[PDB]
């Protein structure tokens, strides 16, 4: 067997004293096989469902389609395309329906699960296109989620003005997680770290870097324990949340170390003191969310038909490791 694509690339998190990382086979893939686009529900390689976890076809004017996921040329392809059909969708901020040309898109959900202690990392080439490129994880009951990467793609073709400009969005990677409460209610609760909750730095960016769409990036999380998450971009540590403490590299490269008066993983104790524990599936998808699409941050026909190969989120590999004690001379 040849070395996998990630061979020789160290795991950037530390597994603990006298521990080593062990690959979790059922959640790891370097995508060096052919899987042609398929209209039918399929677990690719027995591991990656070519759709969302139910028949819902997505937010906004998104239309997830089984045939918008393929594997070729060393990567999984998550494709945006446009057949001209419209989709009518609700503006989540006020409850009203709007109609736009739809974008057919892809969504992938793992068969397997991960649970702490675990390191999850993907090598992706974010689409050079105006849409969301997401890598995230969620428990089967939808109560506990970790967001490895939420990013909004490229700057688009010339001619965008006002709210349709994507520069603020394109430069960031959102590093976050959610714990929910009372999802049986309509008005369920959602806690995530953010400025308004007193947890800073969640929208990562670097002075000078306009977007993440011109090359491959690696983004990963070490979900170490129920009150400890660490994020890594391109093999480098960028952010830790640990109990009531958190730290991160700011956009000028400065280390910021902060201490909150509350637990920053579960501020309002929606987990009944347990923290993040529930097994999670990995989701990789692209979408056009309502807020973005209504603002004009949505691919034009000129963009999507003029540069089709840019309207694809590519995944070179996904790798998952769990810590094991060192084994000695074997």
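Numbering follows the first chain given and starts at 1.
Higher mean CA B-factor, judged across 5-13 and 312-320 from the recorded values: 5-13. Look at the C-alpha B-factors of 159-167 and of 201-209. On average they run higher in 159-167. Considering 282, 265, 69, 286 together, the PDB entry gives 265 the largest C-alpha B factor. Going by the entry's values, 188 shows the largest Cα B-factor out of 248, 119, 232, 188. Among all modelled residues in its chain, residue 223 ranks in the middle third by Cα B-factor. Residue-level temperature factors show residue 74 in the lowest third of its chain, judged at the C-alpha atom. Residue 57: CA B factor lies in the middle third for its chain, per the PDB record.
Sort the modelled residues of the chain by CA B factor and residue 33 lands in the middle third. Split the chain's modelled residues into thirds by C-alpha temperature factor. Residue 91 is in the highest one.
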